[PDB]
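> Below are the structure tokens for one structure; questions will follow.
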Amino acid sequence: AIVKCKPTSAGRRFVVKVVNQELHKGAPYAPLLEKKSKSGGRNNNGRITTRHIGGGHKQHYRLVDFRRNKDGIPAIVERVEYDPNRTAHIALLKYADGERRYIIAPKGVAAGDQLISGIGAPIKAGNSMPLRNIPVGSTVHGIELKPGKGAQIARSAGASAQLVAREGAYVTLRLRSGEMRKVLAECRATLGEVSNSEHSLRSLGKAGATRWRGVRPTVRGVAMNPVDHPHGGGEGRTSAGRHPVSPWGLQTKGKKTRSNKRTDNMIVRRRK
Amino acid sequence: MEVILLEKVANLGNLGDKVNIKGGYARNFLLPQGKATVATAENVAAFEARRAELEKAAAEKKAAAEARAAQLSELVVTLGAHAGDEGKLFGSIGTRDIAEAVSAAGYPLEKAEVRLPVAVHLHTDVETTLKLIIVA
Amino acid sequence: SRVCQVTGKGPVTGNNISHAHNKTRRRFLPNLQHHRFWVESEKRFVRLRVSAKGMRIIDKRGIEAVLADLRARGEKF
RNA sequence: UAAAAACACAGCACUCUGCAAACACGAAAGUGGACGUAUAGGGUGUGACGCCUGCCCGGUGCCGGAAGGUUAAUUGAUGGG
RNA sequence: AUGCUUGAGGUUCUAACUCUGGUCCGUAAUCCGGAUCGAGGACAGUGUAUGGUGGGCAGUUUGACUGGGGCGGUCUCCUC
Ligand SMILES: [Mg+2]
Ligand SMILES: [Mg+2]
Ligand SMILES: [Mg+2]
Ligand SMILES: [Mg+2]
Ligand SMILES: [Mg+2]
Ligand SMILES: [Mg+2]
Ligand SMILES: [Mg+2]
Ligand SMILES: [Mg+2]
Ligand SMILES: [Mg+2]
Ligand SMILES: [Mg+2]
Ligand SMILES: [Mg+2]
């Protein structure tokens, strides 16, 4: 489902698109939609605070059910949809009581599949259960950190985590970052991989496609004047002239920035 | 912080001794819950005016503790909740809902010190090694 | 604001002075912490924002005498 | 008075970031990042594509280590008044 | 050495403290506060004191002579 475009024009050369024909061709589920107005990555104060954000497409937010807390009641997937809010696909579960919900679609999940969450959920790659009921060695996604807070960890397209160890009240997961982390065994997770794993194979072909996604251009620091950037200045084209730093002076080649002593006990082994 | 005790504590409890403790031991544990009281040069004066009527009560509550701890030391009360395995159930096998299980066959047995990190604790010198069996 | 509810301690100003005696305006803030104080006569926990000196005053005077002063001072807890 | 060979760009790479994320604006509360969660987000450099990208870690930076040396507030032995 | 004043690491516990976790209430409410459960936990965090780092930012300095200035030389003392 990776399609390379023919070079019928400049800007179409090097366009590689993910075209999923199994996605829903109609409208999303209206009761689960919600207004989502854009910021230009701008603050409470009206200040930017996050550069390169602006001018994408209008998007409805989809109310994705991250706390799959309808334990016991089975569901039918019955649809997989496109979500503009995330790189993963979403599936519209229809529960046995008729309630409809949106969840992150797992890898092999198609319309008509049966998903269930709870303690006694069968071990198949769409189901959700607390991490203590997940056998060691399973591949999981959408892992809670706080019981009841909802899925937080493995959520983007193709994301997954590996359950490597299980102590008393904690479970050790291997994140796709390579970090070994401790998670409460009471926290819920969904078995399997997240869908749309081929999303990384796509290539935008042109400057416009990045603008379609709401990303404004990045200007290099060496292209500026010294008043704007630490890398600015120089007659002719020059390098940074100093150890590379952010526009606010923080070194950006190495120079670890993690300063969270509160959560340090949850990190077994650290990788990024 | 000089305080005098009301109940006896495990390490330094003489029930009325002049005990010097860290300010955080009181003000956060003893005074709020009630296990001691600051010596204000008159609380010690009023402690003797109440010690005679309180230590007899302290024994009486202690006496009822062993009586209740030994009366219900032979129960094999079993829950009727749905379970998946003997130790791995669909619910939670912990000291969160067993109050009605033991209350239906004797004393209410309010759960405040039923330790399970089934030795139920009820006083400093009184403790019972109750054994719970669950069918699954 | 950064004012102790018991003692009325608030931010005060002053100078940072370097070894070369360059003076920089600075502030001195009270050691304010949030603390819940048990009130037996109300059977309630009262959460106050006090300096560490204000907590010592409550140790010396009691929460009841301190809270009565708080009521007479007007501002409520 | 400069439209360019400048800037951007798709693509590339390095690095940071486990979520109360890094980072940014804010004495702060809070807010953006993001109602996103490492196929994500930030910063840096390079600049479609094709063939490639060699040697140097001495200097400076960054990362890791902690045996030794040195080293703050603090404490106050001892001596001298 | 039974026992005794008190330093420094580690491990537990909960009761301070924290939660941008659940539930209930104020309440017609994603704020807030209270209750409660859960999770951390004397850590984190904040005040104050202190060492490091710190062009991110600030205030400034960066001589004179001189066949223009700069570069070079010279700048005080002794002898011709
Ligand atoms: Mg870029
Ligand atoms: Mg650029
Ligand atoms: Mg320029
Ligand atoms: Mg600058
Ligand atoms: Mg040049
Ligand atoms: Mg022109
Ligand atoms: Mg360039
Ligand atoms: Mg500290
Ligand atoms: Mg300057
Ligand atoms: Mg001036
Ligand atoms: Mg001159």
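Each protein sequence line maps, in turn, to chains A, B and C. FYI, the numbering for the first sequence is 49 to 320, going by the working numbering. FYI, the numbering for the second sequence is 1003 to 1138, going by the working numbering. FYI, the numbering for the third sequence is 352 to 428, going by the working numbering. Beta carbons: idealized from backbone N, C-alpha and C, even for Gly.
Rounded to a whole number of angstroms, what is the C-alpha to C-alpha distance between residue 268(A) and residue 257(A)?
Distance between the alpha carbons of residue 268(A) and residue 257(A): 20 Å.
> When burial is assigned at 16 or more other CB atoms within 10 Å of the CB, is residue 278(A) buried or exposed?
Residue 278(A) should be labelled buried.
> Please report whether the beta-carbon of residue 1089(B) lies at a distance below 8 Å from any beta-carbon of chain A.
Chain A contact via Cβ: absent.
> Who are the near neighbours of residue 1080(B) in its chain, counting only those whose CB is closer than 7 Å to its CB and skipping five residues on each side?
Hits under 7 Å: 1135, 1136 and 1137.
> Terminal residues of the continuous alpha helix (DSSP H) containing residue 1035(B)?
Counting along the chain, the alpha helix (DSSP H) containing residue 1035(B) begins and ends at 1032–1035.
> Under a three-way DSSP split, which group does residue 107(A) fall into?
The answer is coil: DSSP assigns residue 107(A) none of H, G, I, E or B.
> Apart from the five residues just before and just after residue 97(A), which ones in its own chain have a Cβ nearer than 6 Å to its Cβ?
Same-chain partners within the cutoff: 91.
> Does the count of Cβ pairs from the region 65–72 of chain A and the region 240–250 of chain A closer than 8 Å reach three?
Yes: at least three Cβ pairs fall under 8 Å.
> Does the distance from the C-beta atom of residue 138(A) to that of residue 131(A) stay below 8 Å?
Yes, these two residues count as a Cβ contact at 8 Å.
> Compute the minimum distance between the beta carbon of residue 284(A) and the heavy atoms of ligand 5, and state whether it is under 7 Å.
Checking every heavy atom of ligand 5 against the Cβ of residue 284(A), one is found closer than 7 Å.
> Contact between the region 373–390 of chain C and the region 404–424 of chain C: three or more CB pairs below 8 Å?
Taking 8 Å as the limit for Cβ pairs, the verdict is that the region 404–424 of chain C does touch the region 373–390 of chain C.
> Using a beta-carbon distance cut-off of less than 7 Å, what residues from the region 159–180 of chain A approach chain B?
Those would be 167 and 168, in chain order.
> Take the Cβ of residue 1020(B) as the centre, count every other Cβ of all protein chains shown within 10 Å, and call the residue buried at 16 or more, exposed below.
Looking at its Cβ environment, which holds fewer than 16 other Cβ atoms inside 10 Å, residue 1020(B) is exposed.
> Can you round the beta-carbon distance between residue 140(A) and residue 195(A) to whole angstroms, since I take them to be within the 8 Å contact cut?
Not confirmed; about 26 Å, so no contact.
> Residues of chain C with CB closer than 9 Å to the CB of residue 1033(B), please, in chain order.
In chain order: 389 and 391.
> Between which residues of its own chain and residue 1036(B) is the CB-CB distance below 8 Å, once the five residues before and five after are set aside?
Excluding sequence neighbours, residue 1036(B) sits near 1008 and 1009.
> Since residue 125(A) and residue 72(A) are thought to touch, with beta carbons under 8 Å apart, how far apart are those beta carbons, to the nearest angstrom?
11 Å between Cβ atoms; not a contact.
> Determine the extent of the beta strand (DSSP E) in which residue 1049(B) is found, giving its start and end residues.
No beta strand (DSSP E) holds residue 1049(B); the alpha helix (DSSP H) holding it covers 1045–1073.
> Check whether chain C comes within 8 Å of residue 1053(B), counting only Cβ atoms and requiring the distance to be less than that.
Taking Cβ atoms only, chain C never reaches closer than 8 Å to residue 1053(B), which makes this a no.
> Determine the contact status of residue 121(A) and residue 143(A), defining contact as a CB-CB distance below 8 Å.
Yes. Within cutoff.
> Considering just the uninterrupted stretch of the alpha helix (DSSP H) at residue 1104(B), what are its terminal residues?
Here the alpha helix (DSSP H) through residue 1104(B) covers 1101–1105.
> Chain B partners of residue 410(C), CB-CB under 9 Å?
What residue 410(C) touches in chain B: 1003, 1025, 1028, 1029 and 1040.
> Decide if residue 1059(B) is buried, meaning its Cβ has at least 16 other Cβ atoms within 10 Å, or exposed.
Classification for residue 1059(B): exposed.
> Within 7 Å: the Cβ of residue 266(A) and any heavy atom of ligand 1?
Because some heavy atom of ligand 1 lies under 7 Å away, the Cβ of residue 266(A) counts as near it: yes.
> Helix, strand or coil, according to DSSP, for residue 317(A) in the structure here?
Three-state DSSP puts residue 317(A) in a strand.
> If you draw a straight line from the C-alpha of residue 302(A) to the C-alpha of residue 290(A), how long is it?
When rounded, the distance between both Cα atoms is 15 Å.
> Determine the DSSP secondary structure at residue 272(A), reduced to helix, strand or coil.
Reduced to three states, the DSSP call for residue 272(A) is coil.
> Looking at the structure shown, is residue 245(A) part of a helix, part of a strand, or coil, going by DSSP?
Three-state DSSP puts residue 245(A) in a helix.
> Let me confirm a value: residue 305(A) is counted as buried when at least 16 other C-beta atoms fall within 10 Å, else exposed. Which label applies?
Answer is exposed; the Cβ neighbour count stays below 16.
> Is residue 154(A) helix, strand or coil by DSSP?
Note: residue 154(A) maps to strand in three-state DSSP.
> Just checking my contact of residue 211(A) with residue 174(A) at CB under 8 Å: how many whole Å lie between their CB atoms?
Contact doesn't hold; Cβ gap of about 17 Å is too wide.
> Name, please, each residue of chain A whose Cβ falls closer than 8 Å to the Cβ of residue 1015(B).
Ordered by position in chain A, no residue passes the 8 Å Cβ test against residue 1015(B), which lies about 32 Å from the chain.
> In whole angstroms, give me the CA-to-CA distance for residue 229(A) and residue 209(A).
Straight-line Cα distance between these residues: approximately 10 Å.
> Can you name the residues that DSSP bridges to residue 69(A)?
According to DSSP, which records beta bridges pairwise, residue 69(A) is partnered with nothing at all.
> In three-state DSSP terms, what is residue 138(A)?
Strand at residue 138(A).
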